[PDB]
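Per chain, numbering begins at 1; letters A, B, ... match sequence-line order.
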Number of protein chains: 2
Amino acid sequence: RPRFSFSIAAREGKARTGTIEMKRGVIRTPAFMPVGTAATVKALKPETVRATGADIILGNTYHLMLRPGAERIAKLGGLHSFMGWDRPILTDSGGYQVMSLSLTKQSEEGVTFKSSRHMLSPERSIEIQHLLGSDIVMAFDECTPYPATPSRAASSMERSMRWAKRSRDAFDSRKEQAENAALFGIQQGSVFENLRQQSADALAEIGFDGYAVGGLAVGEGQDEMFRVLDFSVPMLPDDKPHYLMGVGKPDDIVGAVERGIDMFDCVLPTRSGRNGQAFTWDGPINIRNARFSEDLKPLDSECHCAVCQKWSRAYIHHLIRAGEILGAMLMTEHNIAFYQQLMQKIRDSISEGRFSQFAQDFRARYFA
Amino acid sequence: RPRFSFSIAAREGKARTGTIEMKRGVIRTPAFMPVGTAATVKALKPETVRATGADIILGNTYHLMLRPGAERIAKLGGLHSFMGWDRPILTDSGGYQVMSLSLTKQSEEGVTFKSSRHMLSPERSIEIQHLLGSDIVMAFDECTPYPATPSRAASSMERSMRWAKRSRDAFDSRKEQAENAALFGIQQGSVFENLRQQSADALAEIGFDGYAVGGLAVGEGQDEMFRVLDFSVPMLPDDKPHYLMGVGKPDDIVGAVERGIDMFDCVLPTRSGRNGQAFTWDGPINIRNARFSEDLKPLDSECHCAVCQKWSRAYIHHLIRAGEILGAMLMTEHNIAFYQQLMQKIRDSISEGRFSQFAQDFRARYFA
Ligand SMILES: CNc1nc2cc3c(=O)[nH]c(N)nc3c(CCN)c2[nH]1
Ligand SMILES: CNc1nc2cc3c(=O)[nH]c(N)nc3c(CCN)c2[nH]1
Ligand SMILES: [Zn+2]
Ligand SMILES: [Zn+2]
């Protein structure tokens with residue numbers, strides 16, 4: 001395969017379906033990336049992640065630089081070998097996570113923070129992602145808190161665009177990385193159209209393999225997120241993938257694809273699965289509720305996953321109530337399979353020209 | 001298959017190897033039973049338990065009567081259907097576990113205890129094990145604390161023998177149970193030869209499908225446990241299986257087989273795996289130790305398990321240090337596979353008449 005090739009096979013309105021070909025594999029789009037923040041998709045073996053349909057997983061610069069360490073992982077052969085996932089990996093650049101989880105000192109050079117003193121900069125971020133062996137490298141950005149005033153959003157976006165250029169140059173200076181990995185830029189500008197335009201224009205001038213919509217799913221709500229996507233995605237190059245960072249719930253995914261997004265990542269299926277929340281086509285359910293204690297049905301009536309072929313709601317209820325690890329395993333496998341099935345149904349419906357009908361059917365049932 | 005048939009295929013000294021045939025499957029002996037106290041072998045799917053080589057697992061009357069409840073499990077189709085294990089299940093009778101984990105009131109009728117008020121008696125125990133759908137039912141006993149005076153051990157053993165008769169009669173009165181399940185009696189008498197003889201004689205007079213050595217691995221130490229087995233196992237009927245309850249470490253298993261034991265159960269491989277302890281043929285290792293942080297070798301150099309085929313000590317070190325669920329999963333799978341491999345090597349070496357050499361080789365290396 002090539003280092004990177006995105007091909008759009010079919011379209012419906014703003015929605016697209018296609019493939020990204022990379023050296024370690026093919027990614028079907030629209031794609032959902034399970035999140036593997038500490039070099040594991042929590043409670044799943046990599047073979048189980050792949051069995052559910054995933055083509056690519058997400059890793060995090062921030063968590064892995066802290067534990068077990070980027071240099072350590074490189075000495076051990078890179079992240080793919082370390083965790084036993086041989087397919088593409090996208091790594092976030094840090095910076096969302098620094099601001100989210102760290103003590104911190106921000107400057108034009110980057111950010112210094114407390115987990116032991118650490119530092120991130122465009123150059124260091126790109127180098128960490130190299131040491132991990134990431135296939136899709138994210139530019140190092142600033143994720144603008146919500147709400148933001150226009151002045152603060154603009155200052156923040158402009159810094160991010162200067163860091164996007166530094167990210168580009170750092171990646172390109174590293175031949176092995178430039179020849180084997182891809183680089184995505186991240187659009188900022190909060191909820192403001194003009195700032196989003198300026199950011200899109202800056203990123204396209206630099207040129208990236210893919211373009212993320214950053215700065216959303218940070219407190220604004222679905223209506224606002226959708227309003228911003230409505231004008232923001234069309235600003236990005238049409239022939240490159242569009243990645244909505246940190247989204248989201250099933251209905252957020254459907255709506256975002258209707259607005260031109262091709263890639264997603266979210267901890268919701270893994271995290272909330274461990275907490276007892278199971279996704280179903282009739283909406284989410286909380287398996288800990290007493291109403292499931294003697295329910296012999298599978299978590300979801302249609303789901304093809306191994307969990308729903310073999311175990312009842314009653315059993316999984318028992319396991320989660322008891323805090324058994326197998327409860328976390330089964331819930332997480334089902335929720336990640338559900339998300340992959342949603343992405344398959346989206347892909348197939350766009351390929352067949354019936355995605356708008358699918359989105360309406362989906363919503364009427366999910367919210368019934 | 002028949003309800004129950006034990007056949008001895010080969011012998012070496014006091015050691016035996018053979019099969020127990022039951023309706024739900026064949027059990028190869030000497031056998032190790034992974035423990036599934038809350039209707040799960042912790043952190044493993046039943047298919048993974050079977051892939052490691054297990055033929056039979058252990059369930060507990062005490063835990064399951066509390067959560068999710070014996071009547072509940074019967075209404076849901078029994079324990080095999082509930083947890084997805086279709087092969088034989090042995091259930092302990094409660095009583096070790098009551099004394100261990102419960103508030104309690106003991107009388108000749110049974111025991112009343114605090115988890116909500118609960119009660120166990122020979123009759124109730126056997127009925128719970130029926131409701132669970134156990135294949136091998138344990139008589140309801142009293143596990144004599146260690147150390148015990150001869151008087152207290154004798155009183156306790158005599159009560160247990162009266163409860164063994166009540167257990168027999170309760171099981172036999174229940175036709176479906178008597179026709180499809182097996183019943184094992186449990187020898188008591190602490191460390192005293194004469195009391196062990198009396199107990200063996202009482203149990204054989206009643207007659208059981210198998211005979212457990214109860215009252216050991218409760219603080220006496222390996223030398224003493226082995227001293228007691230030396231005289232106690234020969235007292236039991238030679239043509240029925242001999243089950244050493246709650247044992248144990250790999251070397252305890254080897255020594256006990258040398259003394260005529262055919263079946264074992266222990267939480268050590270599961271529990272200590274979750275705590276970072278991995279079994280290897282060169283002895284146990286604690287994977288959390290810093291010396292493994294960059295060790296690319298598998299947990300054990302010879303082990304055939306899927307964990308050792310795919311992941312390094314360094315990765316598992318990271319996962320356990322981080323408290324990741326996949327760490328518990330991988331450690332537990334390896335430790336249960338190690339135990340099954342030990343039992344296979346024991347079986348094969350007795351079949352080939354070279355078990356005494358195996359036991360010596362094993363020990364020289366394990367303790368090197
Ligand atoms: C859950 N919401 C959320 N919004 C994001 C925005 C950014 C963002 O604007 N930049 C970066 N680098 N990452 C983001 C992430 C993390 C993706 N796993 C976000 N997550
Ligand atoms: C770890 N040591 C230990 N000693 C046991 C003795 C009895 C015993 O004497 N009786 C019964 N019913 N169970 C025992 C158990 C529980 C087996 N999982 C014991 N476990
Ligand atoms: Zn499912
Ligand atoms: Zn292994």
Quiz item: Counting only heavy atoms not in A:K23, do more than 12 fall under 6.0 Å of its NZ?
Solution: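 Yes, enclosed.
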Quiz item: Is A:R271 atom CZ crowded by more than 12 heavy atoms from other residues, nucleotides or ligands, each under 6.0 Å away?
Solution: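 Incorrect, the count does not exceed 12.
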Quiz item: In terms of heavy-atom proximity below 4.5 Å to chain B, should A:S293 be classed as side chain, backbone, both, or neither?
Solution: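 For A:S293, the contact with chain B is made by backbone and side chain together.
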Practice problem: Heavy-atom pairs under 4.5 Å with chain B are the metric here; pick the option from A:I73, A:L76, A:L44 that has the most. | Solution: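 That would be A:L76.
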Self-check item: Identified side-chain contact (heavy atoms from CB on, under 4.5 Å) counterpart of A:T40 within the set B:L326, B:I325, B:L330
Solution: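 Answer to the side-chain contact (heavy atoms from CB on, under 4.5 Å) test with A:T40 among B:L326, B:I325, B:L330: B:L326.
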Quiz item: Tell me, side chain or backbone of B:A328 under 4.5 Å from chain A's heavy atoms, or both, or neither?
Solution: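 For B:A328, the contact with chain A is made by the side chain alone.
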Quiz item: Which of the residues B:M329, B:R274, B:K75 is involved in the greatest number of heavy-atom pairs with chain A at under 4.5 angstrom?
Solution: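 The candidate making the most pairs under 4.5 Å is B:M329.
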Quiz item: Looking at A:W311 and B:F82, what are the two nearest heavy atoms and their distance?
Solution: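 Minimum heavy-atom separation between A:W311 and B:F82: CD1-O, 4.0 Å.
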All N/O donor-acceptor pairs, side-chain side in residues 316-324 of chain A, below 3.5 Å, sequence neighbours left out:
from, atom 1, to, atom 2, distance (Å)
A:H317, ND1, A:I287, O, 2.8
A:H317, ND1, A:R288, O, 3.4
A:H317, ND1, A:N289, O, 3.3
A:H318, NE2, B:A38, O, 2.8
A:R321, NE, A:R288, O, 3.2
A:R321, NH2, A:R288, O, 2.9
A:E324, OE2, B:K42, NZ, 2.8

